[PDB]
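Working notes, structure below.
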Protein chains: 6
Amino acid sequence: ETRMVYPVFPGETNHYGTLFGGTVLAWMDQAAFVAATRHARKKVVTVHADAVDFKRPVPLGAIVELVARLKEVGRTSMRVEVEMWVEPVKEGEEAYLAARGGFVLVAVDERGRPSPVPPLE
Amino acid sequence: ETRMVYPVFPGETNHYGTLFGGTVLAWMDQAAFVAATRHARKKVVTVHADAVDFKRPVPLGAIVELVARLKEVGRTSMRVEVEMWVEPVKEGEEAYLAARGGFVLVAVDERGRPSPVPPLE
Amino acid sequence: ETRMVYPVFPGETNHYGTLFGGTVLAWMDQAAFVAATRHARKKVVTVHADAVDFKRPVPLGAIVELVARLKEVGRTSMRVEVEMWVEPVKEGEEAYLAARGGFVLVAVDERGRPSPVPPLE
Amino acid sequence: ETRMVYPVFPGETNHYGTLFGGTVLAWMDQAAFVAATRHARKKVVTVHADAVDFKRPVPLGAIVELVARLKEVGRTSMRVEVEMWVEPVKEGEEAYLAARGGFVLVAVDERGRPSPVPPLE
Amino acid sequence: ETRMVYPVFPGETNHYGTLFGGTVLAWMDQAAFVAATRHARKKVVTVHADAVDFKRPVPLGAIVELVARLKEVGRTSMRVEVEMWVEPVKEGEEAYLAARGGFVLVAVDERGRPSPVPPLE
Amino acid sequence: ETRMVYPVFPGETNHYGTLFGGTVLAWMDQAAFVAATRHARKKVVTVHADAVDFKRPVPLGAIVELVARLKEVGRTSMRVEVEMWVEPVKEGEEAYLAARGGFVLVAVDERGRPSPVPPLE
Ligand SMILES: CC(C)(COP(=O)(O)OP(=O)(O)OC[C@H]1O[C@@H](n2cnc3c(N)ncnc32)[C@H](O)[C@@H]1OP(=O)(O)O)[C@@H](O)C(=O)NCCC(=O)NCCS
Ligand SMILES: CC(C)(COP(=O)(O)OP(=O)(O)OC[C@H]1O[C@@H](n2cnc3c(N)ncnc32)[C@H](O)[C@@H]1OP(=O)(O)O)[C@@H](O)C(=O)NCCC(=O)NCCS
Ligand SMILES: CC(C)(COP(=O)(O)OP(=O)(O)OC[C@H]1O[C@@H](n2cnc3c(N)ncnc32)[C@H](O)[C@@H]1OP(=O)(O)O)[C@@H](O)C(=O)NCCC(=O)NCCS
Ligand SMILES: CC(C)(COP(=O)(O)OP(=O)(O)OC[C@H]1O[C@@H](n2cnc3c(N)ncnc32)[C@H](O)[C@@H]1OP(=O)(O)O)[C@@H](O)C(=O)NCCC(=O)NCCS
Ligand SMILES: CC(C)(COP(=O)(O)OP(=O)(O)OC[C@H]1O[C@@H](n2cnc3c(N)ncnc32)[C@H](O)[C@@H]1OP(=O)(O)O)[C@@H](O)C(=O)NCCC(=O)NCCS
Ligand SMILES: CC(C)(COP(=O)(O)OP(=O)(O)OC[C@H]1O[C@@H](n2cnc3c(N)ncnc32)[C@H](O)[C@@H]1OP(=O)(O)O)[C@@H](O)C(=O)NCCC(=O)NCCS
């Protein structure tokens, strides 16, 4: 698993005071990029993203955790699922899934051509 | 038809010298956010993204243009397609589609509740 | 014409909750940079800026549109006028000019020396 | 155990092509802020930082991982140690500690007054 | 006499490896904003900018210093001149003016109405 | 002395509306980096930071001044003390020290090896 936690500050929000969607997309892609690089052990690029759902808003000041997991491997491509959870700090409240999405990354050689990646296990 | 043009500087690239995918996603979402806002004439939020394909890399120093177009409207939701073209500077040089994706946005009232939007004209 | 639209988020504002002036200047220059590159079909640099007027404040959450237009051409230099309009979203309200300014850009060769640009039409 | 992983892109480097020290410090503080927040279950602020050592440089394109661990607890204060490791991509390649530092954070009430935190378990 | 010094890193450059003009403009405005604020002892806004000349390029890795000086005062307005010098590191190396511009700022009350400022001493 | 002034905008704050600690650390390091480069007259890197104390919060909209001063010199290393003062604008209020810290920088040759710096005076 690949994890990244972020406090949500004003600079990452929209005018409503919630985490901007473009920002969550960038963080998820970064997370997928890291998980894919770890598996392929070489340079990778994002080629596709699908089914990204923004289920619940992320308020200013929330702590969110991104978790990326390799779901399947083809030959040079990898599909990574990324989830974003907001973890409440005040006792009582519980963590909830704010967003989730899938990304397909491709490993490439120094020439930039698709390169084979190890199978998953 | 919403349009945004950006010069690609070092700050928006990955370590390969090409436009980082996360930045591409954020710019597209922002494009769709503006297009949806103008059609709904209300506050809008991104609820879904799908079929985002990164066909060709965008080199450092490229001039990129994002074009967002409203494709369909439901009741409170709108599907916007966003394309990203790199517009070569050199005379007679190319001009190609680098990426494209779809986003679904929902208009909401001041209470944050989904609100209906005008029909697709 | 060269156009760019931006939603105004907290990260681009000053402590008053309005678009920071330094940010509008950077966006206008970027717009002029793009319009000039498109005309010259080569690398350009900003050499001068004049008469930038900030007529009305741009509130947090506003949608602004930047429009850059080539106004005159010398030999290697180009003068581009940039306007920034805020486009209200709520029915009733109308668009207003928030700021406007002029920029002079110069095309340069690979050696960094001023290079001739096509005349305007 | 709080963890954050980041790819090192041009935007976070100094003119040498290595991760800028100021960015390292900001990421560590952010790591400690999250770890302290989760333990205190309250709003927290950084009051002190010490013994931050930059042992090895982090090259552009490296994958870095920050790990924050609560080391000791007083009454309202917590000392968190943060380490930053670069995780090589190449097969059989290295894996080293690039930096480490300690931060002291204090939990505060909504009034901004220091509040006690749970004991160290 | 307001002063700000900045190291020029990749994140603030254009694709040529020199300090981006938009960033220069934002830094100058910020310099003038601070100088005007200290003289007016009130909230201030930028209303006009003129005669900004980019005389020499600022290479990646340069140390730049901005100096803002109050030149004249009207009733509620102030004209501040901002200069940007690159301070070479190498022994006996140069030291030159890279850019200069003028900004006009206006002090305003909490209502946002122009307020008078002290005379120029 | 090396000085840098900054207005505190939303983008540099935490969710409490005060200057984020990670940001003050980055600004102090930048300040130390500049002061050290000026003394060594060559490339430098941050190797150590100690005793950074955050004494008082810095509110949104405050003007802060960073002052870096070379305190001692070894052979290739330099210790710089950095202070951050907030300078009130409204008559009556006075400036106060918000934070202070020490940094050790090392000059290096083109090969990246520690290089001797002139003694202090
Ligand atoms: C990545 C790239 C080189 C692939 O080009 P290509 O001609 O499709 O290469 P191939 O046809 O050999 O396909 C390579 C792999 O990617 C997969 N793939 C390519 N396009 C895809 C798409 N849009 N959706 C899903 N998978 C895709 C293929 O299925 C194949 O997987 P496999 O080897 O497991 O079978 C090209 O699409 C590209 O350069 N895109 C831009 C990448 C980028 O700039 N990203 C943003 C910056 S991080
Ligand atoms: C939509 C939301 C506000 C609550 O409503 P909901 O119960 O999820 O959805 P509703 O049943 O109210 O339906 C709202 C509309 O969105 C559509 N919708 C909701 N979830 C969707 C998804 N994952 N994919 C596609 N469309 C979706 C519905 O089909 C409906 O469209 P319609 O009115 O045209 O028929 C909630 O998803 C939300 O707050 N999400 C977070 C948004 C956000 O923070 N985004 C990033 C910040 S910009
Ligand atoms: C800077 C670096 C090359 C020094 O390595 P080194 O093996 O310690 O080198 P040396 O042992 O010759 O020490 C060089 C000097 O640094 C000082 N120094 C080294 N480590 C130190 C530490 N953690 N605390 C204080 N001073 C330290 C030494 O005392 C010596 O000073 P002196 O010449 O005045 O006596 C190495 O630590 C490094 O590359 N660190 C990463 C720097 C970086 O990436 N910073 C962030 C980006 S700006
Ligand atoms: C702590 C603060 C809130 C006021 O309290 P204070 O009078 O300084 O400290 P207190 O006497 O109330 O003690 C609070 C705790 O912090 C600790 N502390 C305070 N100053 C410290 C320092 N410089 N080094 C180490 N610990 C320190 C105390 O030991 C005490 O710990 P304990 O309860 O476990 O025994 C004040 O320092 C503050 O507001 N600082 C600015 C914080 C900030 O803006 N940081 C950056 C933004 S995230
Ligand atoms: C652009 C630059 C090379 C021009 O230098 P120069 O010695 O003035 O070159 P020239 O005298 O040949 O003038 C070139 C053109 O620029 C115009 N120009 C130069 N300085 C100007 C100024 N301050 N105001 C308006 N136009 C100006 C000239 O009129 C001429 O236009 P023309 O060919 O249509 O007649 C030099 O000023 C420079 O490098 N500046 C820094 C650019 C930069 O870093 N910008 C920020 C980063 S994008
Ligand atoms: C100034 C403003 C507040 C409304 O006042 P106004 O009607 O434009 O100007 P006023 O007639 O009230 O005069 C105010 C002062 O500004 C000066 N001024 C206004 N427009 C100016 C311009 N374009 N050029 C030079 N000075 C100008 C006036 O000469 C006067 O100076 P004085 O009192 O010393 O004689 C309005 O221009 C404003 O809100 N602009 C937007 C500011 C902003 O958002 N900037 C970017 C964010 S920091």
Side-chain angles (χ1 to χ4, degrees), chain B residues 5-10 59-64 86-94, chain C residues 1-2 4 25-52 66 68-82 101-121, chain E residues 8 10 12-28 49-62 64 66 82-86 88 93-102:
Chain B
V5 187
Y6 300 75
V8 173
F9 293 158
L60 204 205
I63 294 299
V64 162
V86 352
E87 298 174 347
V89 179
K90 222 195 68 57
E91 178 60 296
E93 190 168 55
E94 310 183 5
Chain C
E1 303 174 303
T2 288
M4 320 190 298
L25 289 170
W27 284 350
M28 300 188 133
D29 184 59
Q30 279 189 55
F33 179 104
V34 173
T37 58
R38 283 182 171 177
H39 181 76
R41 307 295 303 204
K42 65 183 66 175
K43 298 176 177 178
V44 304
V45 295
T46 297
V47 68
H48 185 76
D50 55 47
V52 180
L66 283 271
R69 52 180 78 280
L70 192 68
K71 288 301 187 180
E72 69 175 68
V73 180
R75 175 171 131 277
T76 67
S77 70
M78 301 157 269
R79 181 168 172 69
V80 178
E81 181 192 73
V82 183
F103 297 84
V104 180
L105 293 274
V106 178
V108 301
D109 62 5
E110 213 55 285
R111 300 183 294 88
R113 190 167 74 68
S115 190
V117 302
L120 62 307
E121 54 171 290
Chain E
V8 173
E12 297 309 312
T13 63
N14 47 45
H15 49 131
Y16 312 138
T18 58
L19 183 60
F20 175 49
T23 297
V24 172
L25 292 167
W27 283 352
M28 295 185 147
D50 68 282
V52 178
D53 296 302
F54 297 85
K55 307 293 185 183
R56 288 164 277 274
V58 182
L60 204 205
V64 162
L66 281 84
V82 185
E83 283 180 344
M84 175 176 80
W85 297 74
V86 352
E93 190 168 55
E94 310 183 5
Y96 57 100
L97 179 59
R100 174 190 287 164

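Residue numbers begin at 1 in each chain, while the letters A, B, ... track the order of the sequences. Because only heavy atoms are used, hydrogens play no part in the values below, and waters and symmetry mates are left out as well, while side chains stay in.
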Shortest non-hydrogen contact from E:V86 toward E:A98: CG1-CB, 3.8 Å
Should we say atom CD of E:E94 is surrounded by more than 12 heavy atoms from elsewhere, each under 6.0 Å from it? no
Determine whether E:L25 and E:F54 satisfy the following criterion, side-chain contact (heavy atoms from CB on, under 4.5 Å), listing intermediate values before the conclusion. CA-CA 10 Å; E:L25 292 167; E:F54 297 85; 3.9 Å; yes
Test side-chain contact (heavy atoms from CB on, under 4.5 Å) applied to E:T13 and E:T18, step by step: CA-CA 5 Å; E:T13 63; E:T18 58; 5.9 Å; no
How long is the straight-line distance from CZ of B:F9 back to OG1 of E:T23, given to the nearest 0.5 Å? 8.5 Å
Does E:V8 offer a backbone N or O that forms a donor-acceptor pair with the side chain of E:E12 under 3.5 Å? no
Heavy-atom distance under 4.5 Å between the side chains of C:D29 and E:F20, does that happen here? yes
CZ on C:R38 to CD1 on B:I63, rounded to 0.5 Å: 8.0 Å
Any sub-3.5 Å donor-acceptor pair from C:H39's side-chain atoms to C:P118's backbone N or O? yes
Would you indicate whether the side-chain heavy atoms of E:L19 and E:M84 approach each other to under 4.5 Å? yes
Yes or no on side-chain contact (heavy atoms from CB on, under 4.5 Å) for C:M28 and C:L66, after CA distance, side-chain angles and deciding distance? CA-CA 7 Å; C:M28 300 188 133; C:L66 283 271; 3.9 Å; yes
Smallest heavy-atom separation, E:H15 atom then B:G61 atom, equals ND1-CA, 3.4 Å
At their closest point, which heavy atom of C:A68 faces which heavy atom of C:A32, and how far apart are they? CB-N, 4.2 Å
Which of these passes side-chain contact (heavy atoms from CB on, under 4.5 Å) with C:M78: C:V106, C:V104, C:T37, C:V44? C:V44
State the CZ-CG distance between C:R79 and C:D50, to the nearest 0.5 angstrom. 4.0 Å
Residues C:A31 and C:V82: closest non-hydrogen pair is CB-CG1, 4.3 Å
So, the side chain of C:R41 versus the backbone of B:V89: is there a donor-acceptor pair under 3.5 Å, distance only? yes
Would you find a donor on one side and an acceptor on the other, under 3.5 Å apart, between the side chain of C:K43 and the backbone of C:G112? no
Ignoring hydrogens and angles, tell me if any N or O in the side chain of E:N14 forms a donor-acceptor pair with the backbone of E:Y16 under 3.5 Å. yes
C:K42 NZ to C:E110 CD distance, which is reported to the nearest 0.5 Å: 11.0 Å
With no hydrogens and no angle check, is any side-chain donor or acceptor of C:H48 less than 3.5 Å from a backbone partner on C:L105? no
E:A95 and E:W85 have their tightest heavy-atom pair at O-CZ3, 4.2 Å
Heavy-atom pair of closest approach, residues B:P7 and C:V34: CG-CG2, 3.7 Å
Walk me through it: do E:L97 and E:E83 pass the test side-chain contact (heavy atoms from CB on, under 4.5 Å)? CA-CA 7 Å; E:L97 179 59; E:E83 283 180 344; 3.8 Å; yes
